[PDB]
Amino acid sequence: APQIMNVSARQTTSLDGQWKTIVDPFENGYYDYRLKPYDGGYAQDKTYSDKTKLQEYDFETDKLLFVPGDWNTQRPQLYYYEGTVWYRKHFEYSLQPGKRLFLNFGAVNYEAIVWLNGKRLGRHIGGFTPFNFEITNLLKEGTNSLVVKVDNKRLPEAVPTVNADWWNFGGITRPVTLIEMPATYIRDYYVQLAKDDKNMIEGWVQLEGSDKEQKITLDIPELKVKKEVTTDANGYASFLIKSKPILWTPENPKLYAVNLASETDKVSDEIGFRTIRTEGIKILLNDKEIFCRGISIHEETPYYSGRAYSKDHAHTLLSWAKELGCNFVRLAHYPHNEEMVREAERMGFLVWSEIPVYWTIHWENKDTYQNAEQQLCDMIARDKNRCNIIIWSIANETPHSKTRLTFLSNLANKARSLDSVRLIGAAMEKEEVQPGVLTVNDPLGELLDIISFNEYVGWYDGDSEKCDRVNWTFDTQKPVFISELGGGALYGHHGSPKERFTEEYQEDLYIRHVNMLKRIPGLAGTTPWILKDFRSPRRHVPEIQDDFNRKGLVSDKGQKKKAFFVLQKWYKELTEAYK
Amino acid sequence: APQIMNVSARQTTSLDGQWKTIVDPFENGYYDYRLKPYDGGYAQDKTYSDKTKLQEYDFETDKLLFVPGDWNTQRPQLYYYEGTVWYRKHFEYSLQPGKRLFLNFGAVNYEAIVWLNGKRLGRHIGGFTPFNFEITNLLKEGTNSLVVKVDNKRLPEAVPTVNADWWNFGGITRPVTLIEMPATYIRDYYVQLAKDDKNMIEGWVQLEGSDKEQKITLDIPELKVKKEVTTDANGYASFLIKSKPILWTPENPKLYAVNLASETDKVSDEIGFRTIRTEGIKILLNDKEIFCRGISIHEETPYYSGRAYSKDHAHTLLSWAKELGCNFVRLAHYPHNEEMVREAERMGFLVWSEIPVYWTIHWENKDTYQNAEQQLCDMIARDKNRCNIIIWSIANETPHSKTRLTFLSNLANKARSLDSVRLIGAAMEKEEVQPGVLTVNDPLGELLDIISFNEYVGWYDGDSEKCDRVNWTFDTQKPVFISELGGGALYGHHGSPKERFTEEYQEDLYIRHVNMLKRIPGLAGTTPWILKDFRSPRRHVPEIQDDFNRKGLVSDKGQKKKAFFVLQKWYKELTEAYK
Amino acid sequence: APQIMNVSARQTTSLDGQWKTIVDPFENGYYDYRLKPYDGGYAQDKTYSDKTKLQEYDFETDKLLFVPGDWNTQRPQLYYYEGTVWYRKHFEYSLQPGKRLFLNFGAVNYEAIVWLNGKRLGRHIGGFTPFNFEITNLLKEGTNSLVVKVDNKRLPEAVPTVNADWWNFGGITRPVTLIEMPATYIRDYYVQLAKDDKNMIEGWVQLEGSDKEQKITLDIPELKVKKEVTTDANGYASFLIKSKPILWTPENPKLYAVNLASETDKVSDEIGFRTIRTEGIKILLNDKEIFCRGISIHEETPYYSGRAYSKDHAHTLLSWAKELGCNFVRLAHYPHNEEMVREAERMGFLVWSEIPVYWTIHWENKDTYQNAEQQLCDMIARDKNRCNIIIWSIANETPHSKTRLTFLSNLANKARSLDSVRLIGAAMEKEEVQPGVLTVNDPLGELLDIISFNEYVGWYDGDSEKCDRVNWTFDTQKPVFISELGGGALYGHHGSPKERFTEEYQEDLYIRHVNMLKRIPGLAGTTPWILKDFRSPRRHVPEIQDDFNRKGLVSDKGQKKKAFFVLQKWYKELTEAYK
Ligand SMILES: O=C(O)[C@H]1O[C@H](O)[C@H](O)[C@@H](O)[C@@H]1O
Ligand SMILES: O=C(O)[C@H]1O[C@H](O)[C@H](O)[C@@H](O)[C@@H]1O
Ligand SMILES: O=C(O)[C@H]1O[C@H](O)[C@H](O)[C@@H](O)[C@@H]1O
Ligand SMILES: [Cl-]
Ligand SMILES: [Cl-]
Ligand SMILES: [Cl-]
């Protein structure tokens with residue numbers, strides 16, 4: 001039922017591959033012609049063997065889809081598809097009596113209803129966060145039937161809502177995993193430095209099962225730490241360990257082998273330690289002023305531009321950002337798969353991690369808030385031990401209103417209640433308060449630790465020359481973070497630096513925009529939009545966009561555009577200046 | 001803006017062919033990222049010639065679609081597509097000063113918004129009824145730009161609603177026509193027999209313009225009819241002509257040339273005359289008891305199964321119905337294109353004409369009712385002079401409730417207020433009030449002239465044996481009309497007569513069902529479901545259905561299944577019996 | 001083995017529908033990796049039930065194709081496909097002992113190899129002619145397996161060769177039929193007027209079976225003919241019957257019910273009678289000088305532009321030619337399906353019937369000649385009783401050489417040896433012997449009864465003005481027949497009459513070309529190219545051609561272009577002038 005920390009380190013079995021599927025736009029498999037649920041629906045996964053009876057479906061002889069994956073890139077007919085697709089898997093598993101078995105979904109966009117052997121396990125909303133079901137006592141001998149009804153229709157009340165600038169990728173987009181656990185298991189745990197304290201590790205551990213009062217030992221061998229505690233009746237224990245670990249940095253992304261062992265379970269992890277705070281306009285990593293030499297990244301694969309999910313995908317994207325000279329990636333606009341965050345952690349990239357509270361969210365809808373806050377809780381719960389994450393982002397480009405401010409205030413408060421260490425950001429927007437004078441006067445800023453905002457001077461707001469004349473001012477002394485900037489270009493399409501969508505315009509733009517950045521007071525980070533061209537249904541210039549947002553510094557085919565090297569050169573200079 | 005009678009006989013020019021198009025799932029061409037309408041959207045049809053400015057679209061270099069047509073069968077990517085597609089046409093027209101010009105859409109499913117030269121002409125809802133705009137004063141010299149935003153998203157409040165058993169065919173599905181008119185023109189007229197009177201032609205004529213009081217002459221030369229009247233101050237005149245026309249029958253579908261001439265306009269038509277009434281359980285055409293030897297038909301083309309629109313399409317479908325032995329076709333579940341109705345009239349098929357008040361309509365929604373009634377008015381308005389139509393149908397398979405009954409009673413009253421002659425029906429459903437006793441108890445029946453209903457004994461309700469043993473009773477003495485019956489089969493798929501979806505099962509079903517029909521007291525008509533296999537997203541048996549309803553007596557490739565000849569045999573016997 | 005006359009009138013059973021298929025571009029199902037045939041190939045149709053053994057295919061779970069049909073329009077992946085596709089059908093048939101069973105293929109393009117129950121029946125080359133196999137003693141109880149290996153790769157030595165201006169439509173393109181016969185049956189027969197003799201019917205009859213010496217009776221009841229003869233030991237009889245039938249004309253396409261009955265078989269037919277000859281520059285139908293008001297037609301369906309095969313397809317196309325005012329159709333460039341020829345015969349269209357000896361045929365290859373002459377024999381054998389055919393065409397636009405002349409001479413001689421009545425044509429080409437002077441000086445002309453040739457003055461040869469100035473002369477006094485002329489236009493695409501591919505240019509072209517035709521000495525027929533836009537892989541103008549030859553007077557969507565009415569008007573004038 002609840003989230004499981006560090007799924008990859010458990011006894012895991014993959015259900016991935018190719019599953020039988022039924023595309024069901026009118027939801028015939030769920031509703032009868034009176035629009036009422038009915039028992040003989042597709043959840044029952046009845047193979048149509050006896051043709052003397054009538055039924056209107058058969059998984060057994062239908063078409064396959066790859067799992068994990070978006071469905072959109074797998075069939076021309078599903079490119080634009082918004083609606084229901086049924087997924088069906090048969091599997092066997094031999095579970096020794098007394099052991100427990102969980103079914104974990106890395107992500108399904110957007111609504112998933114799950115059945116096992118004809119019985120509903122439950123439902124999930126939110127297309128970028130994991131969820132589990134315990135199947136211990138539902139598992140049968142021999143063949144088991146797993147049915148997933150996946151629907152990605154856009155809903156006004158959803159998070160995100162009916163408008164966004166990326167593709168509506170439906171399906172079982174991340175791996176499906178069977179996790180076996182002992183009868184009482186270590187479900188969740190936290191191990192990080194105390195706030196602003198290079199010399200104190202703090203943490204807690206949470207057991208689940210009938211035997212919740214046990215002795216726990218936290219072992220960090222390289223630190224000669226061997227801390228032993230006893231959980232309470234609720235299965236919980238906290239600890240404080242005087243220690244002086246080598247601190248994680250993008251240059252030296254030191255991780256420690258951490259082993260937790262209770263009487264009935266054991267799990268190993270790789271966890272780094274670092275302090276993060278602001279001081280005036282400075283961001284201080286481990287007490288050292290740093291610049292966030294960043295780049296933004298959508299969860300989309302090189303070359304074929306589907307939903308990313310594997311370590312291969314992550315390593316390819318992050319190696320491009322490595323070459324670009326980054327020490328920071330903004331993972332937009334939703335939690336990415338865990339492989340991406342772990343590979344950023346191993347390679348040395350600080351991370352901004354975000355939930356899709358994006359554009360015109362229904363600020364007055366209480367179910368909508370519940371959804372937003374659950375995604376926030378799940379985002380932090382999964383990755384709270386990833387030291388490379390330093391910013392949680394609660395929103396992106398949301399319009400100003402009283403109800404919106406209340407909504408986002410409650411998320412910021414919840415985030416701080418869950419995590420006292422990391423910084424709280426959100427992509428705000430700029431305003432030209434007087435001709436030639438740009439600022440950010442969003443009341444949300446008072447709730448953030450940084451003045452983080454998107455700006456497109458020279459692309460949406462003027463031609464590139466405007467970068468050469470505008471000036472910036474800010475009314476609070478917090479570090480300034482430009483979470484998006486840039487412009488579009490098609491790789492291989494050349495012309496005058498005045499002609500939009502050529503490589504030469506995007507190059508000229510970045511030269512003048514970089515020079516403008518150098519004069520923005522308090523600037524401490526930049527994550528230009530974006531590393532790689534990505535799919536968007538709002539980009540309709542034929543032979544230029546072709547359903548791609550072209551603001552990548554790398555094409556969707558991994559080709560470095562001229563502008564790539566402008567930013568690379570600046571990042572090489574900032575690397576030396578901040579040594 | 002108002003409807004125009006007999007468009008095909010006016011001075012017309014076609015705008016059909018291939019138009020430039022933009023698929024726009026998130027409606028970027030209409031709403032900005034704050035979800036607000038914006039100027040600079042795609043309705044302005046700005047060719048992206050000047051690449052020093054930023055634009056996100058270009059009709060001029062985008063892809064084509066055929067007009068008329070559904071979009072679904074034109075590209076694999078559009079097979080399931082529900083959403084917006086923009087259509088764009090450039091055209092020139094030389095309009096003499098003083099003449100008027102109208103833009104007529106035969107049909108656009110579902111919502112159409114139309115601009116000419118960047119100016120919004122208006123908006124239409126309902127995918128099967130025509131609509132017009134006057135463009136007299138908006139036409140420019142040189143190139144004119146016509147832009148249509150077409151959206152087929154399913155809406156709960158729409159007519160039809162979010163569930164139906166046929167394909168959601170979006171696009172400009174029927175021809176687009178420019179109509180030139182004199183400054184004052186004959187917009188509408190009615191010429192038919194008075195109710196139950198073979199010896200009296202009644203009618204009226206309605207002018208539109210500034211010179212509305214004129215002498216009008218009604219000319220039927222074959223009948224030596226020359227009737228002069230003068231319109232009143234509203235452009236309106238009625239008439240009553242004693243005459244004894246040769247009456248239209250299926251066997252002799254006699255049509256007269258009718259010529260209307262006012263002082264400022266002239267239009268010619270082909271119109272037949274017939275009486276129609278019920279008497280007890282009898283249906284009397286021209287005072288002769290008849291049986292409606294019928295077949296149902298969707299508006300879908302032979303072979304490639306797109307939206308039908310041409311006289312070619314109509315002639316092919318109706319020639320199959322001719323071979324089947326029919327004197328009657330039920331055109332379901334919405335107004336068909338006028339070519340279909342005209343070819344039925346010329347070839348000799350009585351017609352049932354229906355609006356898509358189908359399944360779970362939102363009976364409580366006043367906008368839903370106004371939409372339903374507007375489609376009802378438009379259906380009758382276009383075809384009120386087609387004497388082969390004898391039944392208007394206001395509903396199909398709608399759940400019983402008090403509010404549903406008031407909704408449909410208001411439609412029935414409106415239909416009778418518009419047409420005192422034709423019968424009013426609706427597809428009701430049957431009940432098994434006790435084992436082996438079937439009936440129709442629907443209180444809607446009190447408002448209809450016939451006990452019209454769908455029944456699927458032998459397919460959805462029991463195996464074919466059940467036709468052998470059930471009995472039927474009715475609580476009132478109106479003619480009984482079975483508007484649907486039958487079962488599915490794939491042509492070329494053979495096996496035991498017990499095996500569903502084989503030709504042998506469908507054949508055995510029809511043999512036993514026909515014998516059951518012979519004992520239904522008061523049966524006066526049948527329109528089995530259905531002439532031709534058609535597209536439906538609720539039909540998922542792979543290699544058997546493949547997104548087609550397989551209940552056709554003819555395959556979608558024009559092949560007569562075995563059960564075709566069972567109904568043909570019965571119809572030949574009925575033809576002799578009713579001689 | 002041999003051809004069967006009048007297949008439709010026999011005891012027939014259709015195997016059409018949807019068959020299992022395997023696309024096999026490298027012919028893995030026929031050749032092993034040493035490029036040698038092997039026994040376990042796909043002809044064996046072994047369902048892959050036992051997965052403890054290895055095989056590389058399974059028809060049972062593979063994809064379907066419609067039969068009859070081209071494969072190209074059925075799947076995007078098969079649009080351009082040239083190569084092998086395997087087709088598989090299971091069927092049962094109960095054959096009473098002593099009866100015979102034949103398997104008839106209307107057409108398969110290009111090479112077909114056929115197996116029944118794992119045994120090779122044989123092979124066929126030629127994509128437009130029928131072929132049969134006797135399966136009497138190969139049929140098994142229960143399920144029978146029919147496998148067809150279809151390959152449409154272009155071969156240099158083939159007929160047609162590697163270049164042609166129409167789509168390479170592969171597959172089982174016409175119906176597949178089981179024909180049951182008595183032990184001795186009437187296989188072939190001929191019944192027509194004697195050459196140039198309105199008062200003498202001549203014919204013959206040919207039996208097949210162990211009982212070949214029988215009494216035969218030819219019955220034409222409406223003529224009060226009841227001719228009885230006795231076949232010889234080879235099963236053959238000839239006859240001459242003094243009679244004066246009403247003669248077939250396009251205006252009154254009179255057909256007689258003809259019944260042939262032997263001791264052991266009987267078959268009915270509908271056969272018309274007419275004389276056809278040339279006299280100087282006149283073509284004389286039934287001794288009356290006629291003009292061939294013609295239009296050319298490819299075997300391609302309205303709307304979706306696949307391979308045509310049904311009576312519906314034929315009626316739609318011929319109704320367009322009816323409206324155009326034609327009394328003649330050129331069926332190019334190969335024998336069309338029998339339905340097309342029979343519907344032309346019923347509706348009143350004279351026919352030119354052709355074999356695909358087209359462009360750069362391998363004149364020196366003796367196998368190539370054998371192929372050409374077999375197609376000629378099969379073309380004449382099927383349709384020798386269709387009085388509406390008056391011209392057999394042996395070639396189209398073939399380059400001049402000694403070997404080509406020998407090749408075509410032998411075909412012309414063979415045609416005359418098979419049919420002494422009909423005219424022999426071939427599409428030759430024009431030459432500009434001096435500026436402004438056009439002629440046809442092809443030595444092939446001496447072997448033809450008409451000076452039949454293609455010309456494209458105003459499209460390929462000059463702009464439309466050239467029609468206004470060139471002059472024509474011919475050195476023999478035979479009737480002149482222009483078998484192709486015209487130009488391309490996209491329906492709905494308008495502009496100046498000077499702009500090619502607009503409707504206005506094609507209209508202006510036809511106005512000036514029609515005027516030129518009126519001054520061509522000896523002109524007796526025209527079949528402009530072409531009735532309907534058709535698929536060609538040599539037409540690459542985007543948004544204009546899009547893989548369609550646009551020389552239709554009707555679009556592929558059945559829309560009459562402006563030029564349609566220019567030719568219609570001329571044909572209406574010729575109808576009056578030749579009364
Ligand atoms: O217009 C763009 O390119 C971008 O605008 C916004 O900044 C948004 O946050 C991005 O998601 C989007 O891609
Ligand atoms: O189930 C079916 O086939 C049919 O059921 C209903 O009777 C309905 O009116 C049809 O539109 C539908 O196709
Ligand atoms: O160029 C064309 O349009 C045509 O040229 C030749 O006349 C040929 O016979 C046609 O098959 C072809 O379509
Ligand atoms: Cl872009
Ligand atoms: Cl069905
Ligand atoms: Cl062309």
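Chain A is the first sequence line, chain B the second, and so forth, proteins listed ahead of strands; every chain is numbered from 1. The figures that follow rest on heavy atoms only: side chains count, while hydrogens, waters and symmetry mates do not.
- Proximity to chain A is limited to the side chain of B/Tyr81, based on heavy atoms less than 4.5 angstrom apart.
- For chain A, the nearby part of B/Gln545 is the side chain; its heavy atoms alone come within less than 4.5 Å.
- Heavy atoms of B/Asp463 lying under 4.5 Å from chain A belong exclusively to its side chain.
- For chain A, the nearby part of B/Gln55 is the backbone; its heavy atoms alone come within less than 4.5 Å.
- For B/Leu54, the parts sitting under 4.5 Å from any heavy atom of chain A are the backbone and the side chain alike.
- If you check the side chains of A/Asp165 and A/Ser536, you find a donor sitting under 3.5 Å from an acceptor.
- Only the side chain of A/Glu543 comes within less than 4.5 Å of a heavy atom of chain B; its backbone N, CA, C and O stay farther away.
- A salt bridge does not link B/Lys498 with B/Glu504: every distance from a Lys NZ or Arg NE/NH1/NH2 to an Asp or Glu carboxylate oxygen is 4.0 Å or more.
- Of the possible donor and acceptor atoms, one in the side chain of B/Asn152 sits under 3.5 Å from a partner among the backbone N and O of B/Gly83.
- Between B/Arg538 and A/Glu56 there is no salt bridge, since no side-chain N of the basic residue sits under 4.0 Å from a carboxylate O of the acidic one.
- Using a cutoff of 4.0 Å between basic side-chain nitrogens and carboxylate oxygens, A/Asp32 and A/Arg34 are not scored as salt-bridged.
- With hydrogens and angles ignored, the 3.5 Å screen pairs a side-chain donor or acceptor of B/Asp70 with a backbone N or O of B/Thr73.
- Contact check on A/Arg154 versus B/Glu82 returns no salt bridge, with no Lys/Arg side-chain nitrogen under 4.0 Å from an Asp/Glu carboxylate oxygen.
- Looking at A/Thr398, the atoms closer than 4.5 Å to chain B (heavy atoms on both sides) all sit in the backbone: N, CA, C or O.
- Looking at B/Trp166, its side chain never comes within 3.5 Å of a backbone N or O of B/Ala164 through a donor-acceptor pair.
- For chain B, the nearby part of A/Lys53 is the backbone; its heavy atoms alone come within less than 4.5 Å.
- Per-residue counts of heavy-atom pairs under 4.5 Å with chain A were compared for B/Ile22, B/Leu78, B/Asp546, B/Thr52; the largest is that of B/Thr52.
- In this structure, chain A has no heavy atom under 4.5 Å from any part of B/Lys36.
- Neither the backbone nor the side chain of B/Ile544 comes within contact range of chain A; no heavy atoms are under 4.5 Å apart.
- Seen from the ring of B/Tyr30, B/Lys149 counts as a face-on cation partner, given the 6.0 Å and 45° thresholds.
- Contact of B/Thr161 with chain A is not made at all, since no heavy-atom distance falls under 4.5 Å.
- No other option in A/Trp459, A/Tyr460, A/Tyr31, A/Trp359 has as many heavy-atom pairs under 4.5 Å with chain B as A/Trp359.
- The choice from A/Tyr42, A/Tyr80, A/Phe26 that makes the most heavy-atom pairs within less than 4.5 Å of chain B is A/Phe26.
- Of the listed residues (A/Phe501, A/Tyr33, A/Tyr79), the greatest number of heavy-atom pairs within a distance under 4.5 Å of chain B belongs to A/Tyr33.
- Ranked by heavy-atom pairs shorter than 4.5 Å toward chain A, the options B/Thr502, B/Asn163, B/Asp547 are led by B/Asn163.
- Judged by the 6.0 Å and 45° rule, A/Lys51 forms a cation-pi pair with A/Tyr48.
- Counting heavy-atom pairs under 4.5 Å between each of A/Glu429, A/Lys63, A/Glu397 and chain B puts A/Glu429 at the top.
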